[PDB]
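Chemist: Input: one structure, supplied below.
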Amino acid sequence: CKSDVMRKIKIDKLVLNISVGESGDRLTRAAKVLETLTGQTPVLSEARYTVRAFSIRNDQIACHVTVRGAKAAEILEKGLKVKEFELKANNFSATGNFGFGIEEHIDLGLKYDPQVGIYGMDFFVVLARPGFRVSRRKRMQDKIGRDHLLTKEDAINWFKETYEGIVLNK
Amino acid sequence: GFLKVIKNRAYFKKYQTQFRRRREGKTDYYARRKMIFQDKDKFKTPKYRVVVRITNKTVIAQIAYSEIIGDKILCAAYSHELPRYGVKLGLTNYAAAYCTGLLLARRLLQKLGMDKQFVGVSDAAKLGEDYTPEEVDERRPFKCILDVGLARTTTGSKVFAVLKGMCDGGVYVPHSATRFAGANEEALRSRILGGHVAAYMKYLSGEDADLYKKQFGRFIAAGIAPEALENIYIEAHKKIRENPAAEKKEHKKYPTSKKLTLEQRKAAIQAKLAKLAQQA
Amino acid sequence: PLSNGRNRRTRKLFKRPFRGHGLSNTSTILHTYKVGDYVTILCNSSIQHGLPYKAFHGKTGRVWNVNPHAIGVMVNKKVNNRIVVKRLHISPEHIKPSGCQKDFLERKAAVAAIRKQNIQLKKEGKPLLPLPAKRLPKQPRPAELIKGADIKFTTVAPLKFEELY
Amino acid sequence: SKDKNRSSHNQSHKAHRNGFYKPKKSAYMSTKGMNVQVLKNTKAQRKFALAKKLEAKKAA
RNA sequence: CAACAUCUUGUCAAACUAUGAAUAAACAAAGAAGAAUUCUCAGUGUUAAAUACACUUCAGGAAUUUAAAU
RNA sequence: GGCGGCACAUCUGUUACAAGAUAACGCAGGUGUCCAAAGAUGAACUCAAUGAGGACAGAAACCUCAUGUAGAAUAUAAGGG
RNA sequence: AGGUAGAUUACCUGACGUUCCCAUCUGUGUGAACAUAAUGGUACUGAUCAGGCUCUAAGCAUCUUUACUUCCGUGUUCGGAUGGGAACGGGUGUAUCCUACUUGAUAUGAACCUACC
């Protein structure tokens, strides 16, 4: 009858973001690989302020998409598979989330044409608890209690308990 | 180290809190003041609103008119009292929202005594078509306004299921039938009679026994077949237009903490100071 | 040398009260005004539409007509060497009920309570009550005696000068 | 030939020799611009009452 | 040592302000004709319907009391 | 007087004196426009900035969480909202 | 005791911890249709396997804040008035009105309609 069930940490959102500095050609292909990887159409993100150093305002720069549920857990395992479950202690935010980066998207390398090319990706995982809806619902939207909210070490223990991943201090 | 905390006393001395209900996230004061504003040349003539609020387990419908002292409730009807009319499970369906709206319409007209000339529609074949009460002789129907609250008004929302029940009960609520479960009739009619519930019941039965028993567990224990729902809501409507007039102990209290008097509060600091004296 | 704008010199007049921004109370739009009432014009800068002229701010007027959304108010305005009658139509957000007759209506009520008792008393034939005494400017207080048993004396004398530095 | 621009000197003394002319009572009793329905009700009763008053005069 | 936070200190603003006087401004202190009460009461309209409410010389009409209200 | 300027039609803050009015070729500025949307309405959302994270990516590209009474934005001068 | 609708809009806010939940409320399960978006996260709809972990509500503190009282202080300033004093600058006396900031003590909500307990 203990209420620990409502304190179980679960991954509620995984965001994959591809940031390329040019509109067209690369962005069309970058969106395509994200669609094939997950199964939903991503969005095309446009720049906020023009920067002549990076040669970029309204132009579409990057593409990103979020997956939830069983799909999010599966893709995270693949992202951790290439990372070999090797995460630094600094990869975890003070709010209880974490993320990492990928240089080569494994996907399909058989017909890896120069058209598709090779794109790097970044994984960001947002953890949560059952009861976090109180801050996102439309009616009587409130703040989650401080003890209910996650912490850096709470996320680390979750990583070391559901995946047997190590955390380094290098 | 670096804080630059913007919560200092200079931050609070200039702070301006919102209205208490808005600060609680329960009232849209920008739209409430439009549903409230009676014409100034209609002195103290009430402006009635149907306050429809759906919790996780009950469809609350009320008829309220605003006053400076507070909001006064002329009538009310809940979906938890539907078991009196034969509906025992699924109290938040599109079907139960119709019954709650119908029950409050007939309960109100019984109070004012104007229920013999204002009867609305009663047959089950016209549940799907639009009806608006009209002038009987030269006496206007009871006009009310639908207050939705903080609920999005989509094309299938239940807040308009209550409105359809109110209009079917003979109470005039201005509307347009472009947000009902239809928007033809039988598409609207089926959802009013639980047709959408009694098709997941049959669909899940074929697919999985575990999923079927998990979603409709209490329905199975009650013996409600996926065919009884159609007739159940017909009987509930029949039993509502015949006796809506409400019904009729000691409540067990549970005190929580109670405040501390100045004597107890002062003694806590003095004792803690004494502990600090000996500890340090 | 100011300008002739409609809302000139309103940096401080039209400013909202400290920590009093945003929507107004619902009593402003719920209070019922009747013809003959007394109201005070209070321009609300938060509602730019129908803002009454700043010269009528704080003026106590009488309600002369009640419309579906606006309340007619009749106030006095001073011109070269005369007084004219200005008739307005303000929304309830810019006005406020007036308490100019607050104490007068207590004296009207008190005399009515006595009169209602007097008619009954004359029915039974018993002597009737007198009307309440009129208000008077502070009168010269009468002579009184002070019992010295609980009286203490403190001497008063000029004080030796003490430097504040 | 610069001249003085403006002065409010002696203006209040002038305005009070023949003091502030208050409006008469009839100024406050004007009815132009009243509520439309209110004027209709008042006209209806004044027409009804006048006709009743007149038929008695015609009767006698 | 910067610098960044945090706690004090010294001195200021016509185009800075929480607070905010004194002097003033505009009301009321009984004129549909000097009050009040009781009974009766009609035409329109608001109203779900009103006997509520709004306006109609406090529609109107009749009795009793009454000159009071810094 | 001329030369210079427009205090000549006109808006904001201040001089300006806690009602209204209100001087100087007093001070600091502004107008002769702009908008089929930058008008009307409905709905959804919350801004500036900061901290902490995420391959290339760094002080500045994109993504996420938290704090965030407006310190943003509202065509324009300033003041109000 | 709880929920819906409110009026007053911080005595109602914020930070730190804490207490029940028996009803109620919330969080909670699901995605077939109405409906929804990049995502069943939101909003929508269907439901009842579990839980007081959060919300909510009640209380704690030499708590910031806010709200009343005293004091600050008749000290600042001010209406009226000399053939009053001073070379000025400014500042008396008389009949009067009288702040503010700070500090100290107290409070941390009261109240209206309907249903259920």
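Chain labels follow the order of the structure tokens: the first chain is A, the next B, and so on; residue numbering restarts at 1 in every chain, and ligands are counted from 1 in their shown order.
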Could you write out, as number ranges by chain, all the residues of chain A that DSSP marks as strand (DSSP E)?
Modeler: A: 10-19, 43-46, 60-67, 86-88, 98-102, 121-128, 166-168
Chemist: Please provide the set of residues having any atom within 12 Å of stretch 152-164 of chain C, restricted to only C-alpha atoms (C1' of nucleotides), with same-chain residues fewer than 5 positions apart removed, written as a VMD selection string.
Modeler: (chain C and resid 146 to 147) or (chain G and resid 75)
Chemist: Sort by chain and increasing residue number a table of all residues of chain C within 10 Å of chain D, each with its closest pair of atoms and their distance in Å to one decimal, counting only C-alpha atoms, and write it as CSV.
Modeler:
```
residue,atom,partner,partner_atom,distance
C:62,CA,D:28,CA,9.9
C:64,CA,D:34,CA,8.2
C:65,CA,D:34,CA,5.8
C:66,CA,D:35,CA,6.7
C:67,CA,D:35,CA,5.9
C:68,CA,D:35,CA,8.7
C:72,CA,D:34,CA,8.5
C:74,CA,D:28,CA,7.9
C:75,CA,D:28,CA,9.6
C:76,CA,D:23,CA,9.2
C:78,CA,D:20,CA,8.2
C:79,CA,D:20,CA,8.7
C:80,CA,D:15,CA,7.1
C:81,CA,D:15,CA,5.0
C:82,CA,D:20,CA,4.3
C:83,CA,D:22,CA,5.2
C:84,CA,D:23,CA,6.4
C:85,CA,D:27,CA,7.1
C:86,CA,D:28,CA,9.6
C:87,CA,D:28,CA,9.3
```
Chemist: Residues as selected, N, CA, C and O atoms, written as a CSV table (one decimal), in the first residue's frame, can you do that?
Modeler:
```csv
chain,number,residue,atom,x,y,z
C,62,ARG,N,-25.6,63.5,-10.4
C,62,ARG,CA,-26.8,62.8,-10.3
C,62,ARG,C,-27.1,62.0,-11.5
C,62,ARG,O,-26.9,62.4,-12.6
C,64,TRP,N,-29.5,60.8,-14.3
C,64,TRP,CA,-30.7,61.3,-14.9
C,64,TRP,C,-31.3,60.4,-15.9
C,64,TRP,O,-32.5,60.5,-16.2
C,65,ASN,N,-30.5,59.4,-16.4
C,65,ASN,CA,-31.1,58.5,-17.4
C,65,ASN,C,-30.2,57.2,-17.3
C,65,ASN,O,-29.0,57.3,-17.1
C,66,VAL,N,-30.8,56.0,-17.5
C,66,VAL,CA,-30.2,54.8,-17.4
C,66,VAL,C,-30.4,54.1,-18.7
C,66,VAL,O,-31.6,53.8,-19.1
C,67,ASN,N,-29.3,53.8,-19.5
C,67,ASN,CA,-29.3,53.2,-20.8
C,67,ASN,C,-28.8,51.7,-20.6
C,67,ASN,O,-28.3,51.3,-19.6
C,68,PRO,N,-29.0,50.9,-21.7
C,68,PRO,CA,-28.5,49.5,-21.6
C,68,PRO,C,-27.1,49.3,-21.2
C,68,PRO,O,-26.8,48.4,-20.4
C,72,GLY,N,-26.5,57.8,-17.6
C,72,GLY,CA,-26.5,59.3,-17.8
C,72,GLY,C,-26.2,60.0,-16.4
C,72,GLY,O,-26.8,59.6,-15.4
C,74,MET,N,-25.6,63.9,-14.6
C,74,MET,CA,-25.8,65.3,-14.7
C,74,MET,C,-25.0,66.1,-13.7
C,74,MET,O,-25.3,66.0,-12.5
C,75,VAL,N,-24.0,66.8,-14.1
C,75,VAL,CA,-23.1,67.5,-13.2
C,75,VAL,C,-23.0,69.0,-13.6
C,75,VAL,O,-23.5,69.4,-14.7
C,76,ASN,N,-22.5,69.8,-12.7
C,76,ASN,CA,-22.4,71.2,-12.9
C,76,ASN,C,-21.0,71.6,-13.3
C,76,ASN,O,-20.0,71.1,-12.8
C,78,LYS,N,-18.5,75.0,-14.4
C,78,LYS,CA,-18.3,76.5,-14.3
C,78,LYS,C,-17.8,77.1,-15.6
C,78,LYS,O,-16.8,76.5,-16.1
C,79,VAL,N,-18.4,78.1,-16.0
C,79,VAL,CA,-18.0,78.9,-17.2
C,79,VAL,C,-17.7,80.3,-16.8
C,79,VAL,O,-17.6,80.6,-15.6
C,80,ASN,N,-17.5,81.2,-17.7
C,80,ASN,CA,-16.9,82.5,-17.5
C,80,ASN,C,-17.4,83.2,-16.2
C,80,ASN,O,-16.6,83.4,-15.3
C,81,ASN,N,-18.7,83.4,-16.0
C,81,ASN,CA,-19.2,83.9,-14.8
C,81,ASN,C,-20.6,83.2,-14.5
C,81,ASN,O,-21.4,83.8,-13.8
C,82,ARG,N,-20.8,82.0,-14.9
C,82,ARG,CA,-22.0,81.3,-14.7
C,82,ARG,C,-21.7,79.8,-14.5
C,82,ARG,O,-20.6,79.4,-14.7
C,83,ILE,N,-22.8,79.1,-14.3
C,83,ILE,CA,-22.7,77.7,-14.1
C,83,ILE,C,-23.7,77.0,-15.1
C,83,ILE,O,-24.9,77.4,-15.1
C,84,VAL,N,-23.2,76.1,-15.8
C,84,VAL,CA,-24.0,75.4,-16.8
C,84,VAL,C,-24.2,73.9,-16.4
C,84,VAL,O,-23.5,73.4,-15.5
C,85,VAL,N,-25.1,73.3,-17.0
C,85,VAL,CA,-25.5,71.9,-16.7
C,85,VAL,C,-24.9,71.0,-17.8
C,85,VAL,O,-25.3,71.2,-19.0
C,86,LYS,N,-24.1,70.1,-17.5
C,86,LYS,CA,-23.5,69.1,-18.4
C,86,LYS,C,-24.2,67.8,-18.2
C,86,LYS,O,-24.2,67.2,-17.1
C,87,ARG,N,-24.6,67.2,-19.3
C,87,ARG,CA,-25.3,65.9,-19.3
C,87,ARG,C,-24.4,64.9,-20.1
C,87,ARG,O,-24.1,65.1,-21.2
```
Chemist: Write out as number ranges by chain each polymer residue whose atoms come within 9 Å of stretch 111-115 of chain G, counting only C-alpha atoms (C1' of nucleotides); drop sequence neighbours fewer than 6 positions from it.
Modeler: B: 62, 64, 69-78; G: 3-8
Chemist: Could you dump the residues just selected with N, CA and C atoms (P, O5', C5', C4', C3', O3' and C1' of nucleotides) as a PDB file, in the first residue's frame?
Modeler:
```
ATOM      1  N   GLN B  62     -25.435  23.494 -13.027  1.00  0.00           N
ATOM      2  CA  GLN B  62     -26.083  24.420 -12.111  1.00  0.00           C
ATOM      3  C   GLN B  62     -26.675  25.576 -12.898  1.00  0.00           C
ATOM      4  N   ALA B  64     -27.203  29.512 -12.233  1.00  0.00           N
ATOM      5  CA  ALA B  64     -26.753  30.544 -11.319  1.00  0.00           C
ATOM      6  C   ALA B  64     -26.991  31.919 -11.916  1.00  0.00           C
ATOM      7  N   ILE B  69     -23.014  39.949  -3.397  1.00  0.00           N
ATOM      8  CA  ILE B  69     -22.683  39.099  -2.259  1.00  0.00           C
ATOM      9  C   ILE B  69     -22.094  37.773  -2.725  1.00  0.00           C
ATOM     10  N   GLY B  70     -22.516  37.284  -3.879  1.00  0.00           N
ATOM     11  CA  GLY B  70     -22.013  36.030  -4.397  1.00  0.00           C
ATOM     12  C   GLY B  70     -22.905  35.533  -5.511  1.00  0.00           C
ATOM     13  N   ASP B  71     -22.579  34.339  -5.994  1.00  0.00           N
ATOM     14  CA  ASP B  71     -23.389  33.667  -7.000  1.00  0.00           C
ATOM     15  C   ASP B  71     -24.425  32.799  -6.305  1.00  0.00           C
ATOM     16  N   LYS B  72     -25.678  32.926  -6.724  1.00  0.00           N
ATOM     17  CA  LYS B  72     -26.780  32.184  -6.131  1.00  0.00           C
ATOM     18  C   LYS B  72     -27.236  31.107  -7.099  1.00  0.00           C
ATOM     19  N   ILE B  73     -27.449  29.901  -6.585  1.00  0.00           N
ATOM     20  CA  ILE B  73     -27.780  28.743  -7.403  1.00  0.00           C
ATOM     21  C   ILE B  73     -29.285  28.538  -7.344  1.00  0.00           C
ATOM     22  N   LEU B  74     -29.949  28.701  -8.486  1.00  0.00           N
ATOM     23  CA  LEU B  74     -31.391  28.503  -8.548  1.00  0.00           C
ATOM     24  C   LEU B  74     -31.752  27.022  -8.561  1.00  0.00           C
ATOM     25  N   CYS B  75     -30.951  26.203  -9.235  1.00  0.00           N
ATOM     26  CA  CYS B  75     -31.211  24.775  -9.341  1.00  0.00           C
ATOM     27  C   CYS B  75     -29.905  24.069  -9.664  1.00  0.00           C
ATOM     28  N   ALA B  76     -29.880  22.763  -9.413  1.00  0.00           N
ATOM     29  CA  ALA B  76     -28.688  21.975  -9.677  1.00  0.00           C
ATOM     30  C   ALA B  76     -29.087  20.541  -9.982  1.00  0.00           C
ATOM     31  N   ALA B  77     -28.200  19.842 -10.682  1.00  0.00           N
ATOM     32  CA  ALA B  77     -28.402  18.438 -10.999  1.00  0.00           C
ATOM     33  C   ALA B  77     -27.048  17.809 -11.273  1.00  0.00           C
ATOM     34  N   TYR B  78     -26.847  16.606 -10.750  1.00  0.00           N
ATOM     35  CA  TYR B  78     -25.577  15.910 -10.841  1.00  0.00           C
ATOM     36  C   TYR B  78     -25.788  14.553 -11.495  1.00  0.00           C
TER      37      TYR B  78
ATOM     38  P     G G   3     -12.134  20.323  -1.799  1.00  0.00           P
ATOM     39  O5'   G G   3     -13.350  20.247  -2.822  1.00  0.00           O
ATOM     40  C5'   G G   3     -13.426  19.209  -3.787  1.00  0.00           C
ATOM     41  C4'   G G   3     -14.724  19.258  -4.551  1.00  0.00           C
ATOM     42  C3'   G G   3     -15.017  20.558  -5.276  1.00  0.00           C
ATOM     43  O3'   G G   3     -14.365  20.639  -6.529  1.00  0.00           O
ATOM     44  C1'   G G   3     -16.929  19.882  -4.074  1.00  0.00           C
ATOM     45  P     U G   4     -14.033  22.067  -7.175  1.00  0.00           P
ATOM     46  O5'   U G   4     -15.455  22.631  -7.602  1.00  0.00           O
ATOM     47  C5'   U G   4     -16.202  21.988  -8.618  1.00  0.00           C
ATOM     48  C4'   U G   4     -17.491  22.710  -8.909  1.00  0.00           C
ATOM     49  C3'   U G   4     -17.404  24.209  -9.090  1.00  0.00           C
ATOM     50  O3'   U G   4     -16.870  24.596 -10.341  1.00  0.00           O
ATOM     51  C1'   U G   4     -19.279  23.687  -7.766  1.00  0.00           C
ATOM     52  P     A G   5     -16.049  25.968 -10.463  1.00  0.00           P
ATOM     53  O5'   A G   5     -17.144  27.092 -10.216  1.00  0.00           O
ATOM     54  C5'   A G   5     -18.225  27.248 -11.117  1.00  0.00           C
ATOM     55  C4'   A G   5     -19.299  28.152 -10.568  1.00  0.00           C
ATOM     56  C3'   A G   5     -18.892  29.579 -10.277  1.00  0.00           C
ATOM     57  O3'   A G   5     -18.769  30.378 -11.434  1.00  0.00           O
ATOM     58  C1'   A G   5     -20.177  28.767  -8.489  1.00  0.00           C
ATOM     59  P     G G   6     -17.505  31.351 -11.571  1.00  0.00           P
ATOM     60  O5'   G G   6     -17.135  31.682 -10.060  1.00  0.00           O
ATOM     61  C5'   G G   6     -16.792  32.998  -9.666  1.00  0.00           C
ATOM     62  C4'   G G   6     -17.856  33.608  -8.792  1.00  0.00           C
ATOM     63  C3'   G G   6     -17.460  34.866  -8.040  1.00  0.00           C
ATOM     64  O3'   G G   6     -17.549  36.029  -8.843  1.00  0.00           O
ATOM     65  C1'   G G   6     -18.552  33.379  -6.573  1.00  0.00           C
ATOM     66  P     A G   7     -16.592  37.283  -8.563  1.00  0.00           P
ATOM     67  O5'   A G   7     -17.145  37.894  -7.207  1.00  0.00           O
ATOM     68  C5'   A G   7     -18.256  38.775  -7.187  1.00  0.00           C
ATOM     69  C4'   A G   7     -18.388  39.415  -5.833  1.00  0.00           C
ATOM     70  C3'   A G   7     -17.144  40.143  -5.339  1.00  0.00           C
ATOM     71  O3'   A G   7     -17.111  41.493  -5.752  1.00  0.00           O
ATOM     72  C1'   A G   7     -17.822  38.592  -3.716  1.00  0.00           C
ATOM     73  P     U G   8     -15.719  42.275  -5.880  1.00  0.00           P
ATOM     74  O5'   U G   8     -15.006  42.068  -4.473  1.00  0.00           O
ATOM     75  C5'   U G   8     -15.379  42.869  -3.365  1.00  0.00           C
ATOM     76  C4'   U G   8     -14.486  42.656  -2.169  1.00  0.00           C
ATOM     77  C3'   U G   8     -13.009  42.943  -2.346  1.00  0.00           C
ATOM     78  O3'   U G   8     -12.736  44.334  -2.315  1.00  0.00           O
ATOM     79  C1'   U G   8     -13.341  40.996  -1.010  1.00  0.00           C
TER      80        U G   8
END
```
Chemist: Give the helix (DSSP H, G or I) residues of stretch 13-101 of chain C, as assigned by DSSP on the backbone, as a VMD selection string.
Modeler: chain C and resid 27 to 30 54 to 56 92 to 94
Chemist: Deliver the residues from the most recent selection as a file, using N, CA and C atoms, as a compact mmCIF listing (two decimals), in the first residue's frame.
Modeler:
```txt
# COMPACT_ATOMS: atom_id res chain seq x y z
N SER C 27 -18.11 44.23 -8.70
CA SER C 27 -19.14 45.09 -8.12
C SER C 27 -19.36 46.35 -8.94
N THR C 28 -18.36 46.79 -9.70
CA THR C 28 -18.53 47.99 -10.52
C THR C 28 -19.58 47.78 -11.60
N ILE C 29 -19.58 46.61 -12.24
CA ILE C 29 -20.54 46.33 -13.30
C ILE C 29 -21.81 45.67 -12.78
N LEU C 30 -21.86 45.30 -11.50
CA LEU C 30 -23.05 44.68 -10.93
C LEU C 30 -23.89 45.65 -10.12
N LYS C 54 -11.22 64.75 -18.51
CA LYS C 54 -10.51 64.77 -17.24
C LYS C 54 -11.00 65.86 -16.30
N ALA C 55 -11.70 66.88 -16.82
CA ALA C 55 -12.22 67.92 -15.94
C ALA C 55 -13.36 67.43 -15.08
N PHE C 56 -14.07 66.38 -15.50
CA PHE C 56 -15.15 65.81 -14.72
C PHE C 56 -14.67 64.81 -13.68
N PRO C 92 -20.46 52.14 -16.64
CA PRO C 92 -20.30 51.98 -15.19
C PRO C 92 -18.86 51.82 -14.73
N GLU C 93 -17.93 51.49 -15.63
CA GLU C 93 -16.55 51.30 -15.20
C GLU C 93 -15.91 52.60 -14.74
N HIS C 94 -16.36 53.74 -15.27
CA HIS C 94 -15.77 55.03 -14.95
C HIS C 94 -16.49 55.77 -13.85
```
Chemist: Can you check which residues of chain B have any atom within 7 Å of chain G? Use only C-alpha atoms (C1' of nucleotides) and format it as a PyMOL selection string.
Modeler: chain B and resi 9+12-13+17+19-20+68-73+76+152+154-156+181+196+200+215-216+251-254+256-259+269
Chemist: Do me a favour and pick out the residues of chain A within 7 Å of chain F, using only C-alpha atoms (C1' of nucleotides), as a list in words.
Modeler: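 Only these qualify: residues 17, 19, 54, 62, 91, 92, 93, 94, 95, 98, 99, 100, 101, 102, 103, 120, 121, 122, 123 and 124 of chain A.
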Chemist: Using only C-alpha atoms (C1' of nucleotides), what does the table of chain D residues within 7 Å of chain E look like, with each row giving the shortest atom pair and its distance in Å to one decimal, sorted by chain and ascending number, as JSON lines?
Modeler:
```
{"residue": "D:38", "atom": "CA", "partner": "E:55", "partner_atom": "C1'", "distance": 5.7}
{"residue": "D:41", "atom": "CA", "partner": "E:44", "partner_atom": "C1'", "distance": 4.5}
{"residue": "D:42", "atom": "CA", "partner": "E:56", "partner_atom": "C1'", "distance": 4.7}
{"residue": "D:44", "atom": "CA", "partner": "E:44", "partner_atom": "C1'", "distance": 5.9}
{"residue": "D:45", "atom": "CA", "partner": "E:43", "partner_atom": "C1'", "distance": 4.4}
{"residue": "D:48", "atom": "CA", "partner": "E:43", "partner_atom": "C1'", "distance": 6.3}
```
Chemist: For the residues selected in the previous step, produce a file with C-alpha atoms as an mmCIF file, in the first residue's frame.
Modeler:
```cif
data_model
loop_
_atom_site.group_PDB
_atom_site.id
_atom_site.type_symbol
_atom_site.label_atom_id
_atom_site.label_comp_id
_atom_site.auth_asym_id
_atom_site.auth_seq_id
_atom_site.Cartn_x
_atom_site.Cartn_y
_atom_site.Cartn_z
ATOM 1 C CA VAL D 38 -38.802 54.846 -21.139
ATOM 2 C CA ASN D 41 -43.943 54.068 -21.865
ATOM 3 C CA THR D 42 -44.347 57.614 -20.564
ATOM 4 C CA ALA D 44 -48.291 55.775 -23.817
ATOM 5 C CA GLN D 45 -49.636 56.563 -20.351
ATOM 6 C CA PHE D 48 -54.137 57.042 -22.223
#
```
Chemist: Using only C-alpha atoms (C1' of nucleotides), select each residue of chain C with any atom at most 9 Å away from an atom of chain E, and give the selection as a PyMOL selection string.
Modeler: chain C and resi 18+34+38+58-61+76+98-104+107-108+111-112+115-116+119+131-137
Chemist: Next, write the just-selected residues to a file, as a CSV table (one decimal), in the first residue's frame, keeping N, CA and C atoms as the atom set.
Modeler:
```csv
chain,number,residue,atom,x,y,z
C,18,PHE,N,-1.3,52.3,-7.1
C,18,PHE,CA,-0.2,51.4,-6.9
C,18,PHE,C,-0.7,50.0,-6.6
C,34,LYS,N,-30.0,53.8,-10.2
C,34,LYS,CA,-31.4,54.3,-10.4
C,34,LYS,C,-31.4,55.8,-10.7
C,38,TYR,N,-26.9,59.4,-6.6
C,38,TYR,CA,-25.7,60.2,-6.6
C,38,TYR,C,-24.5,59.4,-6.9
C,58,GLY,N,-13.7,63.1,-10.4
C,58,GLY,CA,-13.9,63.4,-9.0
C,58,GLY,C,-15.1,64.3,-8.8
C,59,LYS,N,-15.9,64.6,-9.8
C,59,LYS,CA,-17.1,65.4,-9.6
C,59,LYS,C,-18.3,64.5,-9.2
C,60,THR,N,-19.1,65.0,-8.2
C,60,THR,CA,-20.2,64.2,-7.8
C,60,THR,C,-21.4,64.7,-8.6
C,61,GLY,N,-22.1,63.8,-9.2
C,61,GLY,CA,-23.3,64.1,-10.0
C,61,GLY,C,-24.5,63.2,-9.7
C,76,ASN,N,-22.5,69.8,-12.7
C,76,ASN,CA,-22.4,71.2,-12.9
C,76,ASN,C,-21.0,71.6,-13.3
C,98,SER,N,-21.9,57.2,-4.8
C,98,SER,CA,-21.4,58.3,-4.0
C,98,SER,C,-22.0,58.1,-2.6
C,99,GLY,N,-21.2,58.5,-1.6
C,99,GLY,CA,-21.7,58.5,-0.2
C,99,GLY,C,-22.0,59.8,0.4
C,100,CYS,N,-22.3,60.8,-0.5
C,100,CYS,CA,-22.5,62.2,-0.1
C,100,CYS,C,-23.7,62.3,0.9
C,101,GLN,N,-24.7,61.4,0.7
C,101,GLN,CA,-25.9,61.4,1.6
C,101,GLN,C,-25.8,60.2,2.6
C,102,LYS,N,-24.6,59.7,2.9
C,102,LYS,CA,-24.6,58.6,3.8
C,102,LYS,C,-25.1,58.9,5.1
C,103,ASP,N,-24.7,59.9,5.8
C,103,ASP,CA,-25.2,60.2,7.1
C,103,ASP,C,-26.6,60.8,7.1
C,104,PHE,N,-26.9,61.5,6.0
C,104,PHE,CA,-28.3,62.1,5.9
C,104,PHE,C,-29.3,61.0,5.9
C,107,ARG,N,-30.2,59.8,9.4
C,107,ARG,CA,-31.1,60.7,10.1
C,107,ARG,C,-32.5,60.6,9.5
C,108,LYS,N,-32.6,60.4,8.2
C,108,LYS,CA,-34.0,60.1,7.7
C,108,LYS,C,-34.6,58.9,8.2
C,111,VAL,N,-35.6,59.2,12.1
C,111,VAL,CA,-36.9,60.0,12.4
C,111,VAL,C,-38.1,59.1,11.9
C,112,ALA,N,-37.9,58.3,10.9
C,112,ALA,CA,-39.0,57.4,10.5
C,112,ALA,C,-39.3,56.3,11.5
C,115,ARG,N,-41.3,58.1,14.2
C,115,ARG,CA,-42.6,58.4,13.7
C,115,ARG,C,-43.5,57.2,13.7
C,116,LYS,N,-42.9,56.0,13.3
C,116,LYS,CA,-43.7,54.8,13.3
C,116,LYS,C,-44.1,54.4,14.7
C,119,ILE,N,-47.2,57.0,15.9
C,119,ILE,CA,-48.5,56.7,15.4
C,119,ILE,C,-49.1,55.6,16.2
C,131,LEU,N,-39.0,64.0,18.4
C,131,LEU,CA,-38.0,63.8,17.3
C,131,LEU,C,-36.6,64.0,17.8
C,132,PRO,N,-35.6,63.4,17.1
C,132,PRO,CA,-34.3,63.5,17.5
C,132,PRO,C,-33.7,64.9,17.4
C,133,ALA,N,-32.8,65.2,18.3
C,133,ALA,CA,-32.2,66.6,18.3
C,133,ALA,C,-31.4,66.8,17.1
C,134,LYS,N,-31.4,68.0,16.6
C,134,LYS,CA,-30.7,68.4,15.4
C,134,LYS,C,-29.2,68.5,15.8
C,135,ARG,N,-28.3,68.2,14.8
C,135,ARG,CA,-26.9,68.4,15.0
C,135,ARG,C,-26.5,69.8,15.3
C,136,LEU,N,-25.6,70.0,16.2
C,136,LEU,CA,-25.1,71.4,16.5
C,136,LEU,C,-23.6,71.4,16.4
C,137,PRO,N,-23.1,72.6,16.1
C,137,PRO,CA,-21.6,72.8,16.2
C,137,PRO,C,-21.2,72.5,17.7
```
Chemist: What's around stretch 33-39 of chain F at 12 Å? Count only C-alpha atoms (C1' of nucleotides), leave out sequence neighbours fewer than 2 positions away in its own chain, and write the answer as a PyMOL selection string.
Modeler: chain F and resi 31+41+74-76
